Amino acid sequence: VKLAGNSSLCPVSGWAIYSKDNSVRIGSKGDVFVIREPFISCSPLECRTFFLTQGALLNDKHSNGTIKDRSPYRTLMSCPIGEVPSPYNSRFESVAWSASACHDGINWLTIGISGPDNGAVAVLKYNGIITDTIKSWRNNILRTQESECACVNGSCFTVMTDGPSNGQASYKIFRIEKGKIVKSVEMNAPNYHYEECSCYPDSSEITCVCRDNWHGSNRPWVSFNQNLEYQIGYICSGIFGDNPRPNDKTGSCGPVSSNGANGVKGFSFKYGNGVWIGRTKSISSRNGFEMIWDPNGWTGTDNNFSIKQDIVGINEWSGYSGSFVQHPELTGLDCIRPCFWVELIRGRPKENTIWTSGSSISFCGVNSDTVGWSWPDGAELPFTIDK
């Protein structure tokens, strides 16, 4: 049965550890893909980790040069949550160096972008069969979420970008039904920049929190209904969510320029005027992770907050993070439950290896007791192949 997606997001006071794969530790000997850009998505029956492989295994010579983002060898694959991504346990999804995926309650939708930078093509699959494609409309790296799309009542929604990563680009919202693009809208967003959106359903509407790689240290957001009527803004909290970013201070409802260039994929959950912000602990590099509840941070610009929970230590590597939800159809609850994942990036450019790869952790929102700690990647670098 189709996910209804019409209930509200469950309010939560804390985050309980849900999974840890130890991928890089295990890949030191085991046959584990070199990956990056992992994300989690759930069906009414199961949660899966999706990821972009480099078409190579850890500790093998073909992991050489895997700091490179886009190549014909990259593929979107998936495995059950918490298991290491191996050629022996992973399902093939598509050929992709940028991707998204989500389940509408009936079948998996996957979106995999491959091809040259000047003419990339997103291939849409529904239940593993090609159902549609869309080609680059600005000829400058067509790219998408690197996290799950959001589903409401049999329609799935995603955001794609085409154009400069360091200046004004073009941003489109899509509605997809059974793998067919049935509507798209280009956002009219002058002076905004959207990359790598983390999108979730909440009361039949979609909220996306994204990355301004151009000139924003706070995160831009876009919200829309099923007809793709939309609103845009930036998270106002002085608790800045991007990385890099400046010191916390008075915020802005527009892009905060200071340290605004570059960024990292991230997420936040809106609750009225309040916001749960996940972010790195460092203002300069992808180190640490923490969750912060700011009760008026969606719309208010002060840097006060009410709850902070430690997730990864400042002296440990982190990386991308993203939202995922668990629908009532899966959980039996009366609301849509918020969860998130964190990518723990190891290797280049911060460490002296020939490769770059990630492992992952994830957490789900609860209203019972939780504890801050650090659950880092834990691998000992360099590896044999690096010697």
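In this text, residue numbers run from 1 along the sequence as written.
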Q | Per the entry, higher mean C-alpha B factor between 143 to 151 and 251 to 259 | A | 251 to 259
Q) Can you tell me which stretch has the higher mean Cα B-factor, 83 to 91 or 223 to 231? A) 223 to 231
Q: In terms of CA temperature factor as recorded, identify the highest of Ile345, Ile35, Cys335, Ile361.
A: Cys335
(Q) Checking the record values for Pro72, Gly266, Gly313, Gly300, which has the greatest CA B factor? (A) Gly300
Q) By its CA B factor, does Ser98 count among the lowest, middle or highest third of the modelled residues in the chain? A) middle
Q.
Going by the CA temperature factor in the PDB record, which third of the chain does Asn64 belong to: lowest, middle or highest?
A. lowest
Q) Based on the entry's values, in what third of the chain does the Cα temperature factor of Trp15 lie: lowest, middle or highest? A) lowest
Q. Going by what the PDB entry lists, where does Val24 fall on CA B-factor within its chain: lowest, middle or highest third?
A. lowest
Q: Would you mind checking where the Cα B-factor of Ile40 ranks among the modelled residues of its chain, as the lowest, middle or highest third?
A: lowest
